[PDB]
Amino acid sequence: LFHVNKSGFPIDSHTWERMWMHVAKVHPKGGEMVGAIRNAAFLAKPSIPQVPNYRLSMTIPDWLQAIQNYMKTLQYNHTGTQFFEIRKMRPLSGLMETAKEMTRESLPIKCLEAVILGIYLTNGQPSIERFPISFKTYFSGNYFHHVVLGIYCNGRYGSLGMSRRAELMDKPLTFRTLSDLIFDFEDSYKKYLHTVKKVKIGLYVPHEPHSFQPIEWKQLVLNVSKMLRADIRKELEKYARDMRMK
């Protein structure tokens, strides 16, 4: 399990102390590891990455790379305490305030936070369509949920996101179909010895600054344990066609 910071910022004492209590249990060196950080006289100050700023000499792929690089530099959060609470059925405008807070605090993030941050940083480019893609997978006895931000632009699919695994996040804007993107994720998961159980595709996310509707996360849900790849493809392509007709 992991904890979520439900105190906001400044992080309150209970949440801070709980963060350290949790990692003392998880890490083999326990309290020795924790004390080495908490009681250090001096700790290096990490550089603060600049929030990406679009320039006219960027293509859309360039801009997506700048955004993804920013999220990579924040780092995937392995501390066991998620620093930004995301209630995924909340109105989009409220999630965008949380994305702003992520850029102000400049802390590590996990997959759901990265979807929200990716929406925020692409809201200024209306030609980029964004939609959530979710996976439920099985690995080594346990089930894992993962979400990334699917991207559609000019007849190509790609993705932004954050993951502890390098092949489960950003994908170049070179996939000719939604199915080809999804199957790339499935093949990536299989190389990591995961088995995909469910794929969920959401709706396009509005760009407008103060949208009061929630993100739709599961307009299409596929339970793939007993589905042939050809039938997964047929359903994904039908759904993608409906997305593009609006």
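Residue numbers here begin at 1 and follow the sequence given.
When the C-alpha B-factors of 72 to 80 and 167 to 175 are averaged, 167 to 175 comes out higher. Stretches compared: 147 to 155, 93 to 101. Higher mean C-alpha B-factor in the entry: 93 to 101.
Across the options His194, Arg55, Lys198, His27, the residue with the most elevated CA B-factor in the record is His27. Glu208: CA B factor lies in the highest third for its chain, per the PDB record. Sort the modelled residues of the chain by CA B factor and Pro108 lands in the lowest third. The PDB entry assigns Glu216 a C-alpha temperature factor belonging to the middle third of its chain's modelled residues. In the deposited entry, the Cα temperature factor of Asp62 sits in the bottom third of values across the chain's modelled residues. In this PDB entry, the Cα temperature factor of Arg87 sits in the middle third of its chain's modelled residues.
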